[PDB]
Each structure stands twice: as structure tokens, then as C-alpha cells.
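What follows is a short report on a single structure.
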Amino acid sequence: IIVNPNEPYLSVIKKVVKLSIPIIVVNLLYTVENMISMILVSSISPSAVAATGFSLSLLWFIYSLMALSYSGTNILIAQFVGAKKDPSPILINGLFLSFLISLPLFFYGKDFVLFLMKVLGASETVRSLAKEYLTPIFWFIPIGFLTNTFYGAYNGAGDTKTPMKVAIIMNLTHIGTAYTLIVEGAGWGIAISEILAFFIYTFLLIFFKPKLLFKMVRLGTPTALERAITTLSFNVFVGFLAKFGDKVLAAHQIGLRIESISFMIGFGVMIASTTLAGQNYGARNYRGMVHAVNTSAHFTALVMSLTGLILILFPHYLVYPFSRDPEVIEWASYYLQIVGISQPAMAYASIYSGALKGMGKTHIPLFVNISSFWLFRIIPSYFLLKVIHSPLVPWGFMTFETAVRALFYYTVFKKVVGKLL
Amino acid sequence: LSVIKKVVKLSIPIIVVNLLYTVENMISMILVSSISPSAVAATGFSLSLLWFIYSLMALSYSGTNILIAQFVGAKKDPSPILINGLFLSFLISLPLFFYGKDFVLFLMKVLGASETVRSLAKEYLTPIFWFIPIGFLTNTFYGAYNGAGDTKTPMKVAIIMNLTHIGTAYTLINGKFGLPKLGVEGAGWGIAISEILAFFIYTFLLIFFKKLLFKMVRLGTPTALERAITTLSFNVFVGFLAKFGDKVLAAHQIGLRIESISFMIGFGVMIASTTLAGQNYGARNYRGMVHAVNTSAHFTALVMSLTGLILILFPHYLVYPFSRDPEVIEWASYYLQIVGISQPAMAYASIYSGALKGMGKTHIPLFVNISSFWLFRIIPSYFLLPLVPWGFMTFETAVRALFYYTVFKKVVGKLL
């Protein structure tokens, strides 16, 4: 049991924040894992941090195929626990499906970096560090694909406290492994942290609990696309500010870290709403999920309304840890006040697209976050952006555009449930 | 629909369209072999790169070829599918318009091009990309006339597309009419001007012939990724033979042309089965579509049983147009004998994987031909690793593509 009834008042939901703070902790700890990873790699040379830096941002492209092993496992388990049906065939077929697509990026995995590494602007000695840094990682990718599937498996059953306690220890495993082994030492910090957490889940399986490979691949197919395509998409949005020198290039990276710390709240509610909508839609409790997602939307909007306010009223404060060049503090402060207006939009953007994932409409955020980016973030902030001479137009449009969809494709949730009743 | 019928009435016109397309590029390669050999490399690497790029046409094709068939079968007005198909087609032509031109320069330099080849590729791919909207509209008109079952009209246009393409190329290659030699640019204008003249035909007869755009994208999205990912997949399959020198690399491309001369048959029947399965599924008549795809599979497998058998019995006869070194004739003869056995299977593959496109489950060939090329061709070959990846291909492209026919029997099993 986890589902709230069919609009049964309870205007305060409470249960949502209990099943979100754990996901917020897991996502905030992902930043501490990489921030400390930058401190441990910077102890040797900046050439190794370049090999690690471009690899992590490239590990985004790699881990995009990890979406099938998550959504295919997270969604069906959430619905099956909702309908009180045995959620065991989804786990064994999901963990096998995770290992299935784990083979392509097992052998020719370091090539996906090294080959693409030089075509963007790498050196000969920088890439040799990346090869030593990534060789122990691509050996244990089927291990990571199993850990990711275990993550999505617990999220469906409404037990996000298990991937929280494991994340706290897994990071101390990663912190301890690299800090002692430290460019190849940091690579063992990832592989060993993935076999430890996996074996904990293996130990947390002794006392925890194939024609559907289609349904798992079919649901998460847009997710692996949406992840991979948005990466290239954001690369196009960043490229619009590379034309304004490294000054604004650094100022956009400063806004990224300020957004990332401000994003872990929403992504935690997203995976939450993904579970809450799945358990409700699985039990044929349709009036309750809309009463739940609307409640989460209302509360997350106020959380984001506070978040944007802090970004607006303390721009120079939030850039202070990165405040060096005043022209960079300039563009960074302008960015914070611009996207500080579009924070409540992200409350509805992630929930409407996140709750639909559990409901099965995973193909919608793909068609959505792409079409609400190309002919909206890029083209209006490019085609009509020829004569502007300002970085505030891709920033002004990204805030303006993000609103559309976030608040303007409400409709897809407004009406997909309309015919559902 | 109960005895036997001329199912070739849909296949033959498309076969002519899929043929001569061979001649359109064989002669064009000769028209660019008339100049310097460096321009032929700029041509081949362009057409190959055009194979990768021409993956977004499936979204503009399947979205138009599938729904029109179902609606022509359902006797429902199929005009909103064409006006929004061409409209969507024009809008999928913009992401490549002035944004995928430099993609060639970014991709040629990563495969080992020459500073001159990248330049000849530009002068060749300059008029091609200016008229991407015109080629996409004609590509959508193809599936439009195929969906309605009128594949003879594009066959007339394909023949028009040929005489203008070769005519303009052969003229602009050297300036036959007192014109300046455009070089590699003349072949580029041959394609472009042949697209605009074919497009004007489709718009002229549109004068006397004849929203929910999200659903169309839900149809062509897996099909577009199939052509895109299979191209990378076959790149990995060839990569297993690059380790055996250039004599095995050459014999494989020789088999490619001999296969293509034998491939245009099944592709036309695939579109034929794509249309026949489309109309009868939109009209609920399931006994008519199951009996048709069964009869299509039976008749095509026999043709492919003759086609492959000839390849097995006449290897060194059919390769001599490409034979130079007897060691290359050796490896090429084995490739034909191996693929000649799996030819009757591709008959069932193109017809079944293609009928499911007509039924709306277009994410079926994607989930299959990917999971069939990788963990059944690439992986088993990579383990046992030229007759090891060659035998496995036939062993796979037959057996796995075969017994997958049960999924069609299962999709139909619950359909009744």
C-alpha cells in the first residue's frame, strides 16, 4: 500500500516529501561525489582533470543507454505493486535486460570516448590519461547497469530509503577508493563503488523478495533517446555562448552548478511522482493520482518559487564561490536572475513529464522535451537572434521557452486523463 | 483474394523504381569516373554518407505510407494525411538544411579523408542540400502513391527522374551544350534539378488527383532509427572483415552490388506487403491480409529460391564484371554461395517486417533487426572470429529473421 484515495481531501500530502528527500539525498550526493572527484584529480595535474572532465561530460552520453534498464524496471514495478501483482518477473527480466544492452559498451566502450575524444579538441597526452582513467570503468559496466536497475526496482515499490543508505556508503566507498588509490585510481573508485553497492543489493536480495522484454524496451526506448538527444541538444545551446568567448562560457558553467544544486529537489519529486503515478494507475485509482500529482505540483511550485527568489535576490552571493572576474560575475548574475523567474516552471515540467513515465506515457516527454527545445529554445534564440550581440537572448529565451511546455503542455496531462475517465 | 492474384502489380512498379536507381548511381559514378578518380571518392563517400543521412526520410515516408493505406482501406478521406505529411516532410528537411552540410566535413575528417576530397565533397554537396526540401516532398509523394496502391505513377516519375538526372549530369559534367564544366558540381545539379522536375510533376497532377501530426511521428520514429542504426550495424559487420586486408574488403563490396541487383525485388514486395497489410488492416478484413502476406511470402521465397540458387551456381560468372585478382574472385565466390542460401529468408523478412509497419507496430523491426544484428551476428561472429562472419550472417539473417514469423502469427493470433 502507498496510494492515496480518489481525491479524499488531505490537502496536505506529506507522503510526497517522505518519498523525495531520499531521492534528493541521492542526487545531491552525486554532486559531492563529483566535486570531491575534482579535488582528488586536481592533486596531480590539470591535464588529468581535463581527461576526467571531458570524460564525465562524455559519461553523460554513455549512460544515456542506461535508461532502458531503469524506466523498463521502474515503471512496470510501480504499476504492478499498485495492482498488488507479483513484481518478480519484471526484476529478473529487467536485470537480464540491463545485462543485455551492457555488452555493446563493454569491449568497444573506451572507444566511444577515445574515438570521439579527439574529434572535439583533445591532445595526445590528455587522451592517454583518459584511457587509463576509463579502462577499469568499461570493465564493470554490466555491474553498473545492474545497480541502476536495482535503483529503479526499489523506486517502484516506494522504498527509496534503500537506495539512499546505499548511496551514502557507496560514496564513502568511492571517496575512500580514489583518495587512497590516487588517473587510473579514480577509475577504480567508480568500478569498485559499483560492485560494492551491487553486492549490498545482492545481500539485500536474500531477504527482500521472457515475453515482456518488449514492454520494458518499448517503454524506455524514448528515455534512452531523450537522454542521448538532449545531450547533443544542450551542446547546441552551449555552443551559442561559445561564440561569446570564455568569459560567458565560464559564466554559463557557473549557472550550471547553481542550477544543479537547485535541480536535485525537482528530480527527487520527479522520480517520486513517477512512482506515485505508477502505483495509482496500476490500481485503477485515477482520481487519486491526479489529486496527488496536482498536490505535488502545487507544493513543488512553491518550493521552486522560493528557489527562484533566492537566485534572484542573491545573485552575487551564489556566484561568490566562483566569483573571480567581474565580467564573469556580471554574466553569471544576469543568468541567475533570468532563470530565477522560470523555477516554478521546472516544478511542473518535471512532474508532468515524470508522473507520465509511471503512467506509461514515456513517449510524450521525448516528443515534448525535444520539440520544446529545437523549434523553441534553439531556433527562436538563433534564427531571430542573428542581430542581437548579447548572451542574454539565449538566456532570456531559455527562461521564456522553458515556461512553454512546463506550464503550457499542461494539456497532455490535462486531457490524457480526460479520455482516461 | 481467395485463389491467386497479381501481387506483382504493386511490386513490379516499385522494382523498376528501385532498379534504375542502380543505373542512376552506376552511371553517375561513371559520370564522375569521367573526371578525376579523386572525385569518385568524393562521390562514393558522399552517397555512403547520404545513406546515413537519408534516415530522416523514413519518418516522412512511414508516416505517409502507412496511414494512407489504412485509410484507403477504411474508405476514409486520406487527404489530411498527405497535406500534413508533406508539411511535416518540409519541416524534417529543415534540420538538415544549413545544419547537416558541415556534418560531412566533420565526418569526413574523422574517417581519413583528404584535404582535396573534403573540398570536392563540398562542391558536390552544395546543390544537393539546397534542395533537401524538394527531395523530401518527392520522397513523401512516393509513400503517398504507394499507400493508395498506385505505384505506377511514381514509376513514371522515377523514369523521368532518371532521364533528367543523367541528362543534366552528362551535360553539366563537361558542358555539352557550350556550357562550362561544373566538374563534381555538375553531378550535384543532376540530382537537384531531377528532384525539382519530379517535384513539379507531383504538384501538377496534385491539381487533379486530391493536428494529429504527433501520431504520424509515432509511426516513423522506429523506422527512421532502423535505417539509421542498421547502417552503423553493417559498419560493424564490415569492420570484422577489414582485419583481413583489402582483398576481403573488396570482395564484400562486390557482393554488395550483386546483392543490390537481387535486393530491389524484396524491397518492392516489402512496400507491396506494407500497402496490402495497410489497407486490409484499416478495413478490418484480417482474412484478406493474412492470406495475402502468406501468398506474398510464398511467391517471393520461390523467386528468392531461384535468385539465391543462381548466385550459388554462377559465382565467378556474375562477379567477372568486378573480377580482377583470382584471389578476390575466390573470396567473392564464397560470399555469393553463402548469401545465396539465405535469400528465401529475406523474402519472409521484408514481407513480414513491413507488414507489421502496415499494422502500426513499427517498433517491431527496430527491436528485432537491432537485437538480431548485434547479439546474433556481431557477437557470435566476434566470438568465433572470412567465412565465420559470412556464415553467421546467412545463419542469422535466415534463422532468426525466419522463426520471427511467429510474432506475426502472435500479433494476428490475438487479433481474432
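Each chain in the C-alpha cells gets a letter, A, B and so on, in the order shown; residues start at 1 in every chain, and ligands are counted from 1 in the order they appear.
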Assign secondary structure with DSSP using the backbone only, and return the residues of region 140-220 of chain A in alpha helix (DSSP H) as JSON, numbers by chain.
{"A": [141, 142, 143, 144, 145, 146, 147, 148, 149, 150, 151, 152, 153, 154, 155, 156, 162, 163, 164, 165, 166, 167, 168, 169, 170, 171, 172, 173, 174, 175, 176, 177, 178, 179, 180, 181, 184, 185, 186, 187, 188, 189, 190, 191, 192, 193, 194, 195, 196, 197, 198, 199, 200, 201, 202, 203, 213, 214, 215, 216, 217, 218, 219, 220]}
Residues near residue 402 (chain A), cut-off 9 Å, only C-alpha atoms, skip fewer than 5 positions along chain, as a list in words
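So the residues in contact are residues 342, 345, 346, 349, 372, 373, 376, 377, 397 and 407 of chain A.
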To one decimal in Å, tell me the separation between CA of residue 187 (chain A) and CA of residue 382 (chain B).
27.0 Å
Can you list, as a ChimeraX atom specification, every protein, DNA or RNA residue that comes within 12 Å of region 299-303 of chain B when you count only C-alpha atoms, leaving out same-chain residues fewer than 3 positions away?
/B:4-8,11,262-263,265-270,272-273,292-296,306-310,340-352,398,402
So that I have them on file, write out the residues from the current selection with N, CA and C atoms, as a short mmCIF file (atom, residue, chain, number, x, y, z; two decimals), in the first residue's frame.
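And here is the file that came out, part-v8.cif:
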data_model
loop_
_atom_site.label_atom_id
_atom_site.label_comp_id
_atom_site.auth_asym_id
_atom_site.auth_seq_id
_atom_site.Cartn_x
_atom_site.Cartn_y
_atom_site.Cartn_z
N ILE B 4 -5.45 -17.06 -56.31
CA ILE B 4 -4.17 -16.41 -56.50
C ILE B 4 -4.42 -15.12 -57.27
N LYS B 5 -3.49 -14.17 -57.13
CA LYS B 5 -3.69 -12.86 -57.72
C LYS B 5 -2.36 -12.30 -58.20
N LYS B 6 -2.44 -11.26 -59.03
CA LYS B 6 -1.27 -10.49 -59.44
C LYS B 6 -0.87 -9.58 -58.28
N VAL B 7 -0.12 -10.15 -57.34
CA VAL B 7 0.51 -9.35 -56.30
C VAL B 7 1.69 -8.56 -56.83
N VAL B 8 2.15 -8.89 -58.05
CA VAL B 8 3.25 -8.16 -58.66
C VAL B 8 2.83 -6.77 -59.12
N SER B 11 4.46 -4.71 -56.69
CA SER B 11 5.90 -4.89 -56.56
C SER B 11 6.64 -4.43 -57.82
N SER B 262 19.95 -8.06 -56.67
CA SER B 262 18.98 -9.04 -56.21
C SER B 262 18.15 -8.56 -55.03
N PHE B 263 18.45 -7.38 -54.48
CA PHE B 263 17.73 -6.87 -53.32
C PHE B 263 16.50 -6.05 -53.69
N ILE B 265 14.18 -6.58 -55.58
CA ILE B 265 12.97 -7.39 -55.68
C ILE B 265 12.23 -7.39 -54.34
N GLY B 266 12.91 -7.82 -53.28
CA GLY B 266 12.26 -7.93 -51.98
C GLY B 266 11.81 -6.60 -51.42
N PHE B 267 12.56 -5.53 -51.68
CA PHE B 267 12.18 -4.22 -51.17
C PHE B 267 10.87 -3.74 -51.80
N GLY B 268 10.68 -4.00 -53.09
CA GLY B 268 9.41 -3.66 -53.72
C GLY B 268 8.27 -4.49 -53.17
N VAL B 269 8.51 -5.78 -52.93
CA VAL B 269 7.49 -6.61 -52.30
C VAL B 269 7.27 -6.20 -50.85
N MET B 270 8.32 -5.70 -50.19
CA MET B 270 8.15 -5.18 -48.83
C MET B 270 7.18 -4.01 -48.82
N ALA B 272 5.07 -3.48 -51.18
CA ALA B 272 3.82 -4.10 -51.59
C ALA B 272 3.10 -4.71 -50.39
N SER B 273 3.83 -5.47 -49.57
CA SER B 273 3.25 -6.00 -48.35
C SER B 273 2.95 -4.90 -47.35
N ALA B 292 -3.01 -12.74 -47.91
CA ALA B 292 -2.16 -12.02 -48.87
C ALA B 292 -0.69 -12.13 -48.48
N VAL B 293 -0.35 -11.74 -47.25
CA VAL B 293 1.04 -11.79 -46.81
C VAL B 293 1.56 -13.22 -46.83
N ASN B 294 0.68 -14.21 -46.63
CA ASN B 294 1.09 -15.60 -46.78
C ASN B 294 1.38 -15.94 -48.23
N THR B 295 0.52 -15.47 -49.15
CA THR B 295 0.75 -15.72 -50.57
C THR B 295 1.95 -14.92 -51.08
N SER B 296 2.10 -13.68 -50.61
CA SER B 296 3.28 -12.89 -50.99
C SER B 296 4.56 -13.58 -50.54
N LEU B 306 15.06 -19.05 -56.48
CA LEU B 306 15.72 -19.01 -57.77
C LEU B 306 16.86 -17.99 -57.78
N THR B 307 16.63 -16.82 -57.17
CA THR B 307 17.64 -15.77 -57.16
C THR B 307 18.91 -16.23 -56.45
N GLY B 308 18.76 -16.75 -55.23
CA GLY B 308 19.92 -17.22 -54.50
C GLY B 308 20.60 -18.40 -55.18
N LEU B 309 19.81 -19.33 -55.71
CA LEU B 309 20.38 -20.51 -56.37
C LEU B 309 21.29 -20.11 -57.53
N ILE B 310 20.87 -19.11 -58.32
CA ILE B 310 21.71 -18.62 -59.41
C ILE B 310 23.02 -18.07 -58.86
N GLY B 340 23.52 -16.73 -51.04
CA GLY B 340 22.54 -17.37 -51.90
C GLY B 340 21.64 -18.34 -51.18
N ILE B 341 22.09 -18.88 -50.04
CA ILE B 341 21.27 -19.82 -49.28
C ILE B 341 20.22 -19.08 -48.46
N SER B 342 20.57 -17.90 -47.94
CA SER B 342 19.67 -17.13 -47.09
C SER B 342 18.76 -16.19 -47.87
N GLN B 343 18.76 -16.26 -49.20
CA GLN B 343 17.89 -15.39 -49.99
C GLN B 343 16.41 -15.67 -49.76
N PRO B 344 15.92 -16.91 -49.77
CA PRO B 344 14.49 -17.14 -49.49
C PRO B 344 14.06 -16.65 -48.12
N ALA B 345 14.99 -16.45 -47.19
CA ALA B 345 14.63 -15.95 -45.87
C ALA B 345 14.34 -14.45 -45.90
N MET B 346 15.18 -13.67 -46.59
CA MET B 346 14.91 -12.24 -46.73
C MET B 346 13.58 -11.97 -47.41
N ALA B 347 13.08 -12.92 -48.20
CA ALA B 347 11.72 -12.83 -48.72
C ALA B 347 10.72 -12.73 -47.58
N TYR B 348 10.87 -13.57 -46.56
CA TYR B 348 9.96 -13.52 -45.43
C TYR B 348 10.26 -12.33 -44.53
N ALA B 349 11.52 -11.90 -44.47
CA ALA B 349 11.88 -10.77 -43.62
C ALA B 349 11.26 -9.48 -44.14
N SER B 350 11.48 -9.17 -45.42
CA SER B 350 10.97 -7.92 -45.97
C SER B 350 9.44 -7.89 -45.98
N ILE B 351 8.80 -9.04 -46.20
CA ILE B 351 7.35 -9.07 -46.29
C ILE B 351 6.71 -8.98 -44.91
N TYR B 352 7.21 -9.77 -43.95
CA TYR B 352 6.69 -9.70 -42.59
C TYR B 352 7.11 -8.40 -41.93
N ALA B 398 18.89 -15.68 -41.89
CA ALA B 398 17.87 -16.68 -42.22
C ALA B 398 17.09 -17.07 -40.97
N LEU B 402 13.70 -15.69 -39.96
CA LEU B 402 12.65 -16.66 -40.22
C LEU B 402 11.73 -16.81 -39.02
#
Interface, chain B side, toward chain A (9 Å; only C-alpha atoms) as a VMD selection string:
chain B and resid 106 109 to 110 214 217 to 218 363 to 364 367 374 to 375 379
Would you output that residue set with N, CA and C atoms, as a CSV table (one decimal), in the first residue's frame?
chain,number,residue,atom,x,y,z
B,106,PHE,N,32.7,17.5,-40.9
B,106,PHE,CA,33.0,17.0,-39.6
B,106,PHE,C,33.2,15.5,-39.5
B,109,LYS,N,36.6,14.1,-42.1
B,109,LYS,CA,37.9,14.3,-41.4
B,109,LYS,C,38.1,13.2,-40.4
B,110,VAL,N,37.1,12.6,-39.9
B,110,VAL,CA,37.3,11.5,-38.8
B,110,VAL,C,37.3,10.1,-39.4
B,214,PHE,N,1.3,14.3,-34.4
B,214,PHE,CA,2.1,13.5,-33.5
B,214,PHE,C,2.0,12.0,-33.7
B,217,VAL,N,4.4,10.7,-36.4
B,217,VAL,CA,5.8,10.6,-35.8
B,217,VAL,C,5.9,9.3,-35.0
B,218,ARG,N,4.9,9.0,-34.3
B,218,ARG,CA,4.9,7.7,-33.5
B,218,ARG,C,5.0,6.5,-34.4
B,363,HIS,N,7.7,-0.3,-34.1
B,363,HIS,CA,8.8,-0.5,-33.2
B,363,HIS,C,9.1,-2.0,-33.1
B,364,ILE,N,8.6,-2.8,-34.1
B,364,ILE,CA,8.9,-4.2,-34.1
B,364,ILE,C,10.2,-4.5,-34.9
B,367,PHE,N,13.2,-3.2,-32.7
B,367,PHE,CA,13.6,-4.1,-31.6
B,367,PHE,C,14.1,-5.4,-32.1
B,374,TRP,N,23.1,-7.5,-33.6
B,374,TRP,CA,24.1,-7.4,-32.6
B,374,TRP,C,24.3,-8.8,-31.9
B,375,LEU,N,23.4,-9.2,-31.1
B,375,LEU,CA,23.6,-10.4,-30.3
B,375,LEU,C,23.3,-11.7,-31.1
B,379,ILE,N,28.0,-10.5,-32.2
B,379,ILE,CA,28.5,-11.2,-31.0
B,379,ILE,C,29.0,-12.6,-31.4
I want to know what sits within 12 Å of residue 159 (chain A), based on only C-alpha atoms, with residues of the same chain fewer than 5 positions away left out; could you give that as a list in words?
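So the residues in contact are residues 1, 2, 18, 19, 20, 21, 22, 23, 74, 77, 78, 81, 150, 151, 152, 153, 154, 164, 165, 208, 271, 272, 275 and 276 of chain A.
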Export of the given selection (N, CA and C atoms) as a PDB file, in the first residue's frame:
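Final output, saved to again_9.pdb:
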ATOM      1  N   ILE A   1       0.840  -1.191   0.000  1.00  0.00           N
ATOM      2  CA  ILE A   1       0.000   0.000   0.000  1.00  0.00           C
ATOM      3  C   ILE A   1       0.879   1.247   0.000  1.00  0.00           C
ATOM      4  N   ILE A   2       0.425   2.295  -0.688  1.00  0.00           N
ATOM      5  CA  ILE A   2       1.186   3.535  -0.824  1.00  0.00           C
ATOM      6  C   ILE A   2       0.293   4.600  -1.451  1.00  0.00           C
ATOM      7  N   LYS A  18       8.217  12.638   2.064  1.00  0.00           N
ATOM      8  CA  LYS A  18       8.889  11.494   2.672  1.00  0.00           C
ATOM      9  C   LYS A  18       9.519  10.597   1.614  1.00  0.00           C
ATOM     10  N   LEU A  19       8.904  10.504   0.441  1.00  0.00           N
ATOM     11  CA  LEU A  19       9.432   9.728  -0.682  1.00  0.00           C
ATOM     12  C   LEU A  19      10.069  10.640  -1.728  1.00  0.00           C
ATOM     13  N   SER A  20      10.859  11.617  -1.285  1.00  0.00           N
ATOM     14  CA  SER A  20      11.518  12.527  -2.215  1.00  0.00           C
ATOM     15  C   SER A  20      12.858  12.986  -1.660  1.00  0.00           C
ATOM     16  N   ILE A  21      12.878  13.371  -0.386  1.00  0.00           N
ATOM     17  CA  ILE A  21      14.110  13.705   0.328  1.00  0.00           C
ATOM     18  C   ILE A  21      15.141  12.594   0.146  1.00  0.00           C
ATOM     19  N   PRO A  22      14.775  11.305   0.252  1.00  0.00           N
ATOM     20  CA  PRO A  22      15.754  10.263  -0.107  1.00  0.00           C
ATOM     21  C   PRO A  22      16.291  10.404  -1.520  1.00  0.00           C
ATOM     22  N   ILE A  23      15.424  10.677  -2.497  1.00  0.00           N
ATOM     23  CA  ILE A  23      15.903  10.873  -3.862  1.00  0.00           C
ATOM     24  C   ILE A  23      16.691  12.171  -3.973  1.00  0.00           C
ATOM     25  N   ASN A  74      11.587   0.620 -13.554  1.00  0.00           N
ATOM     26  CA  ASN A  74      10.943   1.497 -12.583  1.00  0.00           C
ATOM     27  C   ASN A  74       9.437   1.579 -12.812  1.00  0.00           C
ATOM     28  N   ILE A  77       7.252  -1.997 -12.356  1.00  0.00           N
ATOM     29  CA  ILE A  77       7.215  -2.394 -10.952  1.00  0.00           C
ATOM     30  C   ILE A  77       6.295  -1.473 -10.162  1.00  0.00           C
ATOM     31  N   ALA A  78       6.327  -0.171 -10.459  1.00  0.00           N
ATOM     32  CA  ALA A  78       5.436   0.760  -9.775  1.00  0.00           C
ATOM     33  C   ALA A  78       3.976   0.433 -10.053  1.00  0.00           C
ATOM     34  N   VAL A  81       3.134  -3.206  -8.339  1.00  0.00           N
ATOM     35  CA  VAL A  81       2.890  -3.062  -6.907  1.00  0.00           C
ATOM     36  C   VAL A  81       1.594  -2.293  -6.675  1.00  0.00           C
ATOM     37  N   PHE A 150      18.629  -2.012 -10.099  1.00  0.00           N
ATOM     38  CA  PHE A 150      18.237  -2.146  -8.700  1.00  0.00           C
ATOM     39  C   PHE A 150      17.701  -0.829  -8.154  1.00  0.00           C
ATOM     40  N   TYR A 151      18.295   0.294  -8.568  1.00  0.00           N
ATOM     41  CA  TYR A 151      17.768   1.598  -8.178  1.00  0.00           C
ATOM     42  C   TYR A 151      16.320   1.757  -8.626  1.00  0.00           C
ATOM     43  N   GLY A 152      16.046   1.504  -9.909  1.00  0.00           N
ATOM     44  CA  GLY A 152      14.687   1.648 -10.410  1.00  0.00           C
ATOM     45  C   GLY A 152      13.740   0.607  -9.851  1.00  0.00           C
ATOM     46  N   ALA A 153      14.283  -0.529  -9.411  1.00  0.00           N
ATOM     47  CA  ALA A 153      13.437  -1.576  -8.851  1.00  0.00           C
ATOM     48  C   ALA A 153      12.874  -1.167  -7.494  1.00  0.00           C
ATOM     49  N   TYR A 154      13.699  -0.547  -6.648  1.00  0.00           N
ATOM     50  CA  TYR A 154      13.218  -0.115  -5.339  1.00  0.00           C
ATOM     51  C   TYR A 154      12.299   1.096  -5.444  1.00  0.00           C
ATOM     52  N   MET A 164      19.027   5.215  -0.705  1.00  0.00           N
ATOM     53  CA  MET A 164      19.636   6.352  -0.024  1.00  0.00           C
ATOM     54  C   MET A 164      20.769   5.913   0.897  1.00  0.00           C
ATOM     55  N   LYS A 165      20.487   4.979   1.810  1.00  0.00           N
ATOM     56  CA  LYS A 165      21.525   4.473   2.703  1.00  0.00           C
ATOM     57  C   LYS A 165      22.671   3.852   1.916  1.00  0.00           C
ATOM     58  N   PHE A 208      14.623  -9.808   0.673  1.00  0.00           N
ATOM     59  CA  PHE A 208      13.880  -8.676   0.133  1.00  0.00           C
ATOM     60  C   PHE A 208      12.584  -9.151  -0.509  1.00  0.00           C
ATOM     61  N   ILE A 271      11.090  11.441  -9.856  1.00  0.00           N
ATOM     62  CA  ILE A 271      11.108  10.008  -9.575  1.00  0.00           C
ATOM     63  C   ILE A 271      10.036   9.652  -8.555  1.00  0.00           C
ATOM     64  N   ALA A 272       9.775  10.548  -7.600  1.00  0.00           N
ATOM     65  CA  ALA A 272       8.662  10.357  -6.677  1.00  0.00           C
ATOM     66  C   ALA A 272       7.340  10.261  -7.430  1.00  0.00           C
ATOM     67  N   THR A 275       6.824   7.182  -9.322  1.00  0.00           N
ATOM     68  CA  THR A 275       6.344   6.067  -8.513  1.00  0.00           C
ATOM     69  C   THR A 275       4.886   6.268  -8.114  1.00  0.00           C
ATOM     70  N   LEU A 276       4.547   7.468  -7.641  1.00  0.00           N
ATOM     71  CA  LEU A 276       3.200   7.719  -7.135  1.00  0.00           C
ATOM     72  C   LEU A 276       2.152   7.555  -8.230  1.00  0.00           C
TER      73      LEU A 276
END
So which residues touch residue 75 (chain B) within 9 Å, counting only C-alpha atoms, skipping near sequence neighbours fewer than 3 positions away, as a PyMOL selection string?
chain B and resi 70-72+78+282-283
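Compared by their closest atoms to residue 393 (chain A), and using only C-alpha atoms, the residues A:237, A:287, A:26, A:210 rank with A:237 nearest.
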Which residues come within 10 Å of residue 40 (chain A), counting only C-alpha atoms, excluding same-chain residues fewer than 5 positions away, as JSON, numbers by chain?
{"A": [34, 35, 49, 175, 178, 179, 180, 181, 182, 183, 185, 186]}
Considering only C-alpha atoms, state which residue in the set A:286, A:169, A:240, A:314 is at the smallest distance from residue 419 (chain A).
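Of all the options, A:286 lies closest to residue 419 (chain A).
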Using only C-alpha atoms: which of A:16, A:97, A:359, A:225 has the shortest distance to residue 76 (chain A):
A:359
Spatial neighbours of residue 407 (chain B), max dist 12 Å, only C-alpha atoms, sep filter under 6 positions, as a list in words:
residues 211 and 214 of chain A; 349, 352, 353, 355, 356, 361, 364, 365, 368, 400, 401, 413, 414 and 415 of chain B
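For the pair CA of residue 164 (chain B) and CA of residue 118 (chain B), the separation is 26.9 Å.
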